[PDB]
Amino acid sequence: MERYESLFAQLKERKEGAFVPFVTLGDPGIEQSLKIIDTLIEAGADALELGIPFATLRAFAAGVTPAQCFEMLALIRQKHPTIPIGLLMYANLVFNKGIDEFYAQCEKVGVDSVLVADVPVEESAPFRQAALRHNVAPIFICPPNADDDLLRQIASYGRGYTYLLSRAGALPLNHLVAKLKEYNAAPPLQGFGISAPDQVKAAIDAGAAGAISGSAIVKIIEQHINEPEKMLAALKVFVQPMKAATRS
């Protein structure tokens, strides 16, 4: 079963767009991160975009280990079987534990897609192969100044959805979505600098299938770091308008 494809079909039937929040796995802590994610979903998130972070002092080797992240991912999958889960990270972590072993670990956990930020589409063969091999969808970024060549590649390689970078990352988003559709690329989601409901709305009118937001959610997390109860309430208040802006 392909989550994204299934999700997108349900949205298109309701003339609705997708709101995809982003949050780093483990912020502020494992316990909290899981509760902020439940809330994000409870508030209206159609899919999750999860960031994976990566002997002396207990403040140097801090952070959440890769193992803990996949453990969280598994728990999230268990409680929310249908929601598309895509990861965002750098090649580093994938190399550390082997490419095929990392994508296998994702297939085991249930992530639907992976986006390796620091890897050109030109040298992504080993990543695509390992992803396709484990039913994971390889995701590629599409810059607003991409030439026809790159568009044909990302369209033929990617699955699930394609990441449409904002001009603020250059042609109008309206023009890009058309080329992607012509080449039969996966649905596009805009993702840079969208922190307002009016910005989400514009993305969808321009033809995008959905929008992704990160910073706006992070700020709320750190502005209530020592107020968990109030933090979750502030997240809901922020997501409602964003998701609402995706409706017709």
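Residue positions are given as counts along the sequence shown, with the first one as 1.
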Completion exercise
Counting residues of the deposited sequence that sit between residue 169 and residue 170 but have no coordinates, the total is 4 to 9
Exercise for the section: Answer with none, 1 to 3, 4 to 9, or 10 or more: how many deposited residues between residue 183 and residue 184 are not present in the coordinates. Expected result: none
Exercise for the section: Please work out which of 216-224 and 186-194 has the higher mean CA B-factor as recorded in the PDB entry. Expected result: 216-224
Practice task
Averaging the C-alpha B factors as listed in the entry, name the stretch that ends up higher: 85-93 or 142-150.
Solution key: 142-150
Practice task
In terms of CA temperature factor as recorded, identify the highest of 48, 59, 202, 36.
Solution key: 59
Practice task
Please work out which residue in 174, 113, 78, 162 has the highest C-alpha B-factor recorded for this crystal structure.
Solution key: 174
Fill in the blank from the handout: residue 211: CA B-factor among chain residues, third -> lowest
Practice task
Classify residue 248 as lowest, middle or highest third according to the C-alpha B-factor given in the PDB entry, relative to its own chain.
Solution key: highest
Practice task
Using the B-factor values recorded in the entry, state whether the Cα atom of residue 40 falls in the lowest, middle or highest third among the modelled residues of its chain.
Solution key: lowest
Exercise for the section: Place residue 231 in the lowest, middle or highest third of its chain's C-alpha B-factors, as listed in the PDB entry. Expected result: highest
Handout entry: Third of the chain's Cα B-factor distribution that residue 121 belongs to, per the entry
Key = highest
